[PDB]
């Protein structure tokens, strides 16, 4: 009777959902589902276009915690009021930092499919061999020291892998969060960019030096999913990235290293911010959809306690989508299955998008800046920083250009207001 076209990202938990929709259609027999599966940079571009232009291409959209409140405030998204009121759905069980990030003027504009922070994943075996112990709360100087000791570029072992692929939510997510730990900020309180200041220089130079010495070849091509593969296939001593990866790297069905993974907090520099981030991937409906009832039903199915149970039954408790529900972290079976759960939740809770930086800022967001202009600005700055990583431009030149383009775009948009 109704068919939903759903735009989503090519991440593992979504690929897994695509295999489980018979459960949805069995429970909702008039409703079928088809997919448009895209890399995250491209998803963002296509969904933004669709939603802004009322393109009608996607009935359900996979969107981030960045987009949800912006688009929600603008009137571009249908409110998920039926979900918010539904007893079995139990929206109160959604983690508060996550639910609150998706809510505007008392209405929920997207439902979280999974959420995450960031942390260090490392190879226990390679640490033991190098004579190293990972502190629970490492510094960046320790990470640098460790990476230098583990690299064995002859045996295709890189001491560290980090995001290098250009994109507002790819390399820029990682670098922005890392910069906070170095005492940087994107903007001062007058919305002047800060790429010409010492803390961004320190961050970017630290990153480029680290990656040139100890990272994989062509890292400027590696996003989240390429790094996940490098880590899983045993090529990476340490990877500092999304907590969602923890289940994937410890699944022996897809990870050679599954029994050798350790976890520690995002690294810092003793400045008072660690820079662990807060992200969620969410499902949303365009305002003015003529398929709201069916779309609501799908979103409720995918983001319910029952969906977690469905995945647990099929693939094991460790492999459910993380970070969305108090009841998941309270579940003894999940805790037994997922040794990374406590640190994941602790990190989701400690992430501080309200106060991301050492110096006060006019924006919110750890790894992004919560303004509508960020997609375009972050994309352009991501291209500069990827070029610096690749040795195509100097670190200093990349920062000069980032400063100039950001000034240009912000003045064009009218800041400060």
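Numbering follows the first chain given and starts at 1.
If you average the C-alpha B-factors over 217 to 225 and over 304 to 312, the higher value belongs to 217 to 225. As recorded in the PDB entry, 24 to 32 is the stretch of 37 to 45 and 24 to 32 with the greater mean C-alpha temperature factor. As recorded in the entry, 258 carries the highest CA temperature factor of 258, 284, 265, 328.
In the deposited coordinates, the residue among 90, 116, 241, 148 with the greatest CA B-factor is 148. Sort the modelled residues of the chain by CA B factor and residue 276 lands in the lowest third. For residue 253, the recorded CA temperature factor ranks within the highest third of the chain's modelled residues. Among the modelled residues of its chain, residue 120 has a C-alpha B-factor that falls in the middle third, as given in the PDB entry. Remark: residue 85 belongs to the highest third of its chain, ranked by C-alpha B-factor as recorded. In this PDB entry, residue 403 carries a Cα temperature factor that places it within the highest third of its chain's modelled residues.
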